[PDB]
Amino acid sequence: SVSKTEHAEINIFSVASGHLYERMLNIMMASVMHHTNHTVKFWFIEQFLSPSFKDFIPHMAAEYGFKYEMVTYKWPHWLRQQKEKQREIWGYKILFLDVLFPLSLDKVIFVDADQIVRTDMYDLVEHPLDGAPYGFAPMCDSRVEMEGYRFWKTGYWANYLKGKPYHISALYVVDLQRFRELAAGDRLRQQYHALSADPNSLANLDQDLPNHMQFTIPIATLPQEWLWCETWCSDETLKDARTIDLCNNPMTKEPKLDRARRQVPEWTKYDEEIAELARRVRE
């Protein structure tokens, strides 16, 4: 149990760029802590964060009882860069899983900055991966009225997948030991570097890459309840949702904070609690 003592029982990493995504990142962290008594450590992709966020994180850590660490990893010069900040951030989620964390960490979970956690994240740590270096929840099929927007159900993806699930990259558990054993980081970087020579390829960089590689870098398909997003998932399955992603709805184009307040009743509770912690530190 070197990993649990040197780090924590639950290790979550996330990426956030912008005050809005940093405001949601604090909410995500509070939601994790309200649903677990296991030790938690949050790991942040440091260079995207504002100076205010990095100043506030020790206050969140002391109030909620978690450890944290800033990871500053530099994009290798050989590896095809991303001009768009959104795509650069996606690259940080999926391309460096073997080099961002210390070798003494055996497991890490990516949880999106805009997520609301309603479960003990140690259940994901304990989830059997059957030898897969990582596990992702599938994209919901349950909201039948959104079938026209499920690009992965027809065209190039339906032919490529051969019936395999097209997984959502909002949440994923990485068994770092197995990822290292399989050199999945080196292989993901190489396939990304070859694929990205075509600027039309990997439209959803962080999502398309592990879905493309799932025949050779296995994905343990997580239970559907691990990731619920209103765009693709039915209202009836929300009560089972372990975590919620505020994923974009191509039909309604509803703003981010509106989706948060409308779908998640405890969202303002976390937002106000974190704002109350900020006014308590300020005075």
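Start at 1 with the first residue shown and count on from there.
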_Please compare 266 to 274 with 19 to 27 and name the stretch with the higher mean C-alpha B-factor in the deposited structure._
266 to 274
_Using only C-alpha atoms and the B-factors in the entry, which stretch averages higher, 92 to 100 or 142 to 150?_
142 to 150
*Tell me, please, which of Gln115, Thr119, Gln207, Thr72 has the highest C-alpha B factor according to the deposited entry?*
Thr72
*By the record's CA B-factor, is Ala137 among the lowest, middle or highest third of residues in the chain?*
lowest
*Quick one: classify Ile57 as lowest, middle or highest third of the chain based on its Cα B-factor.*
highest
*Pull the Cα B-factor of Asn37 out of the PDB entry and bin it into the chain's lowest, middle or highest third.*
highest
*If you rank the chain by CA B-factor, which third does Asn211 end up in: lowest, middle or highest?*
lowest
*asked:* Among the modelled residues of this chain, does the Cα B factor of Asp258 put it in the lowest, middle or highest third?
replied: highest
